[PDB]
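First comes the structure, then the notes that go with it.
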Amino acid sequence: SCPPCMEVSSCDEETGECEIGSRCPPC
């Protein structure tokens with residue numbers, strides 16, 4: 001069974017801010 005999708009937080013160095021992005025575990 002495929003693991004349910006989740007939102008992860010990633011911080012970019014571009015302007016120093018972080019974004020929450022949905023990342024779905026692959027099958």
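Scheme for the structure tokens: letters A, B, ... for chains in order shown; per-chain residue numbers from 1; ligand numbers from 1 in order shown.
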Write out as a ChimeraX atom specification which residues come within 8 Å of residue A:9 when counting only C-alpha atoms, dropping same-chain ones fewer than 2 positions away.
/A:7,11,18-21
Taking the DSSP secondary structure from the backbone, can you list the residues of chain A that are strand (DSSP E or B), as a VMD selection string? chain A and resid 6 to 11 18 to 23
For residue A:3, please output as a compact mmCIF listing (two decimals) with N, CA, C and O atoms, in the first residue's frame all residues within 10 Å (counting only C-alpha atoms; exclusion window: fewer than 5 positions along the same chain).
```
# COMPACT_ATOMS: atom_id res chain seq x y z
N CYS A 24 4.48 13.58 -1.63
CA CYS A 24 3.82 12.29 -1.58
C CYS A 24 4.83 11.17 -1.77
O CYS A 24 5.53 11.13 -2.79
N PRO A 25 4.96 10.28 -0.78
CA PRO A 25 5.84 9.11 -0.88
C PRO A 25 5.51 8.26 -2.11
O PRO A 25 4.36 7.89 -2.33
N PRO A 26 6.53 7.95 -2.92
CA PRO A 26 6.34 7.25 -4.19
C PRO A 26 5.97 5.78 -4.02
O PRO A 26 6.33 5.15 -3.02
N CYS A 27 5.25 5.25 -4.99
CA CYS A 27 4.91 3.84 -4.99
C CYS A 27 5.94 3.07 -5.81
O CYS A 27 5.70 2.83 -7.01
```
